[PDB]
Amino acid sequence: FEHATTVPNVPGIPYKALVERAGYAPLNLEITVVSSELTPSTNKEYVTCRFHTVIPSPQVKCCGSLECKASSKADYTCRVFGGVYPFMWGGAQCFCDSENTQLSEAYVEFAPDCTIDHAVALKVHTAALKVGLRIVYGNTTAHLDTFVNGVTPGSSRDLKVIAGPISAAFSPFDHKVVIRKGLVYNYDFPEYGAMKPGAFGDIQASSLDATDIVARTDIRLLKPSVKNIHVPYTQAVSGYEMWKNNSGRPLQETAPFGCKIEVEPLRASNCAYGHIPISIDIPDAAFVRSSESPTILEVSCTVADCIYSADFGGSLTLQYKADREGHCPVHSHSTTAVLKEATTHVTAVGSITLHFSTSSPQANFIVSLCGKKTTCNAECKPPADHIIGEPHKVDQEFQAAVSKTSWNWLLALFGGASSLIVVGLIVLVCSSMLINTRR
Amino acid sequence: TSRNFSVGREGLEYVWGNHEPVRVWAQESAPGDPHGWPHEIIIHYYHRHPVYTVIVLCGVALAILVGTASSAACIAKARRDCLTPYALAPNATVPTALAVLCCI
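Looking at the method and resolution fields of the entry, one finds cryo-EM and 4.7 Å.

This is the structure in structure tokens:
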């Protein structure tokens, strides 16, 4: 028998249901989303870090002639300077003091400490949500990891389940992301090849060890002035450092829906949003005929001091008289009340207490014990504590969140106007009929 | 120092220094009584939801106003219908039930 339901995507909160077959005893079915993983598909655009500005040793031909050649280094820069006459330690490194040409050369590479201190630029795509589920039916519990897409099924050795699609698609990752020592940022890095100096991605490469490093750091050489041999240059700051200073908070502290961003692979875990439509093909062996289950001959409900809070606030007691000893499954048939227990031992005669959580001002809901129903009616006070450290396990409704006293007052006030309009219409009609009669 | 943070039903999560994250969810613990006198009920549901509360109160006010206006118009029209033939005729021997009913 296949049972279809729509569970709320909230980790750690059990969702209970009572599947009822035509000629079998009702079976409990409780589902928990133990964990979830909203993982997208990412491709590496490039890696970047602080560039090391390596300056090749200058050369001098000082009555020949030198021409700047072209190389394949990252941000390669070359220049030719004229009269310099460089000094090293003896006060003369040259003959033909005039026409003294010198070759200035400089480029950039990856710094030695970049294998640890680096960032990787990624582009993400549609996110796939995968849920770890614990499902218990009757007496048997099963753990399974299932893809939330609506086609791919999860299987545990006799049980098949299919979940998805999510009610409202969502992804905390923007199109372009950057990862840096496990810290992820939703930054719009430049596309590969479009380097700009003084900003993130000024130096790019397919990998740390890649030899095809390309960079644009706005390095510019200057004509040497002092007599002694050296090469002066000026260059923009490391854009990686500037981004690090102005990185801002990571998505680990900014992702909505309160869900933990993890890396290797990039993903968001335990992330509550929307609802999952799940249909489970319960095996036939799980059910047992109603002839075996203990039917209860009668039962009466009395609600103790109840309270509508996130936790299991209220409690109630069912006084029951039955015919055999067994294991009745207990359920609440209202969407604004969830029991704590699912199966309870039942004797010939006695009473059993059940805890419950409700989000309505009044406990006016139906409770089922071995199929048979009872209307638990009571009033629940507002919670005393203002803040709790546990999520609400029942959603708030509109028609059920208003107290029956408020319903009575509103109904009386609206019915006053309704009564007034109808009496006005009927008096007008009877006056018309009377004047017609006496016309 | 001291820092105030509003917590809704969806909840809030805070990390202070190197400690692990701490999550807290707000109750519906508004000050009032849903099962008490009308003033307590309106206070409770206004603190919980001010916009929805104001909407329902203004709707109820409009409902009572239009009901009273319609009743007044209907009784006035009934008075017109049941009185104008007699006001145009002499010696209006009127059974005083209609007048006594609809004069006030």
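(A) Molecular detail of the packing of aromatic side chains. All names here are of chain A. The full count for this structure, using the stated rule, is 14 aromatic pairs over all chains. If you follow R289 out to its NZ or CZ, it ends over the ring of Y24, 5.4 Å from the centre. Taking the ring centre of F312 as reference, the NZ or CZ of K393 above it sits at 4.0 Å.

(B) The sheet that holds strand 13 (residues 159-163) of chain A, seen in detail. Residues and elements named next belong to chain A. A sheet is described by the order of its strands in space; here four strands give the open sequence 1-22-13-12, paired in antiparallel fashion. Pairing within the sheet leaves two strands with one partner each, and these edge strands are strand 1 (2-8) and strand 12 (154-156). Between one strand and the next, the sheet's axes are offset by a mean angle of 20°, whatever the strand orientation. Sheet topology note: the strand 13/strand 22 (residues 275-281) ladder contains four bridges and is antiparallel. Within strand 22, the residue paired with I162 across the bridge is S279.

(C) Geometry of the UniProt feature "disulfide bond" in chain A. All names here are of chain A. Annotation check: the disulfide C49-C114 recorded in UniProt is satisfied, the sulfur-sulfur distance being 2.0 Å, below 2.5 Å. Here the residue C49 occupies a position in the loop between strand 4 (42-48) and strand 5 (51-54), and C114 occupies one in the loop between strand 8 (102-110) and strand 9 (119-124), the gap between them amounting to 65 residues. Using a relative accessible area of 3% as the deciding quantity, one classes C114 as buried. Per UniProt, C301 and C376 form a disulfide, and the coordinates bear that out, putting the sulfurs 2.0 Å apart. Here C301, found in strand 23 (residues 296-303), pairs with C376, found in strand 31 (residues 372-377); they are 75 residues apart in sequence, far enough to count as distant. The exposure class of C376 is buried, given its relative accessible area of 0%.

(D) Examining helix 2 (residues 50-87) of chain B more closely. Under the 1.5 Å per step criterion, the end-to-end length of helix 2 of chain B is 54 Å for 38 residues, consistent within 8% with the ideal 56 Å. Every buried residue belonging to helix 2 of chain B is among B:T53, B:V60, B:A63, B:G67, B:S70, B:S71, B:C74 and B:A78, and all of these are buried. The secondary structure elements touched by the buried residues of helix 2 of chain B are helix 2 (404-438) of chain A together with helix 1 (38-48) of chain B.

(E) Looking closely at unusual backbone geometry. Residues and elements named next belong to chain A. For the peptide bond that leads from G164 to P165, omega is 0°, which places it in the cis range. Take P165: it is sitting in the loop between strand 13 and strand 14 (176-180). Between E264 and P265 the backbone carries a cis peptide bond, its omega angle lying at -5°. In this structure, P265 sits in the loop between strand 20 (260-262) and strand 21 (267-269).

(F) Just a nonpolar patch on the surface, in detail. Where nonpolar side chains cluster on the molecular surface, the patch consists of A:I421, A:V422, A:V423, A:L425, A:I426, A:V427, A:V429 and A:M433 and spans about 660 Å² of accessible area. With respect to the helices and strands, the residue A:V429 is situated in helix 2.

(G) Quick look at the environment of A:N28. Residues and elements named next belong to chain A. As for its position among the elements, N28 is in strand 3 (residues 27-39). Along the backbone, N28 and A401 are 373 residues apart, and their C-alpha atoms lie at a distance of 27 Å. Every residue in contact with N28, bar those within four places of it in the chain, is listed here: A17, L18, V136, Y137, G138, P329, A342 and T343. Looking at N28, its side chain comes within polar contact range of the main-chain nitrogen of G138, at 3.0 Å.

(H) Representation of the state of the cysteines in the model. Residues and elements named next belong to chain A. According to the stated counting rule, one finds seven disulfides over all chains in the structure shown. A disulfide bridge connects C259 with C271, and the sulfur atoms are separated by 2.1 Å. One end of the pair, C259, is in the loop between helix 1 (239-245) and strand 20; the other, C271, is in the loop between strand 21 and strand 22, with 12 residues separating them in the sequence. Overall, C259 belongs to the buried group, its relative accessible area being 5%. According to the relative accessible area criterion, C271 is buried, its value standing at 2%. Not part of a disulfide, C68 finds its nearest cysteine sulfur in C78, a span of 5.4 Å. By relative accessible area, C68 is classed as partly exposed at 43%.

(I) Inspection of the environment of A:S156 at higher detail. Residue and element names in this part refer to chain A. Inspection of the secondary structure puts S156 in strand 12. We classify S156 as buried; its relative accessible area is 10%. Taking the C-alpha atoms as reference points, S156 and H118, 38 residues apart in sequence, are found 43 Å from one another. Every residue in contact with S156, bar those within four places of it in the chain, is listed here: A142, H143 and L144.

Rules used in this analysis
Residues numbered from 1 in each chain as written, not as in the entry; some residues may be left out. Chains lettered and ligands numbered in written order. Part of a larger assembly, values for the part shown. Heavy atoms only, no water. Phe/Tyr/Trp six-rings, centres within 6.5 Å; stacked < 30°, edge-to-face > 60°. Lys NZ or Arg CZ within 6 Å of the ring centre and 35° of its normal. Pairing = 2+ DSSP bridges. Helix = DSSP H or I, 4+ residues; strand = E, 2+ residues; numbered from the N terminus. Axes fitted to C-alpha atoms, helices over the stretch in contact; angles between N-to-C directions. Disulfide = S-S within 2.5 Å. UniProt positions renumbered as here; feature names shortened; annotations may be inferred. Buried < 20%, exposed > 50% of the residue type's maximum accessible area, 1.4 Å probe, protein only. Expected span 1.5 Å × (residues − 1). Contact = heavy atoms within 4.5 Å. Patch = residues over 30% accessible without salt bridge, like charges linked within 9 Å, V, L, I, M, F, W, Y side chains within 5 Å. Areas by Shrake-Rupley, 256 points an atom, 1.4 Å probe, with all protein chains shown as cover. Salt bridge = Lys/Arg side-chain N within 4 Å of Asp/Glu carboxyl O. Polar contact = N/O pair within 3.5 Å; in protein donor to acceptor, adjacent residues only side chain to side chain.

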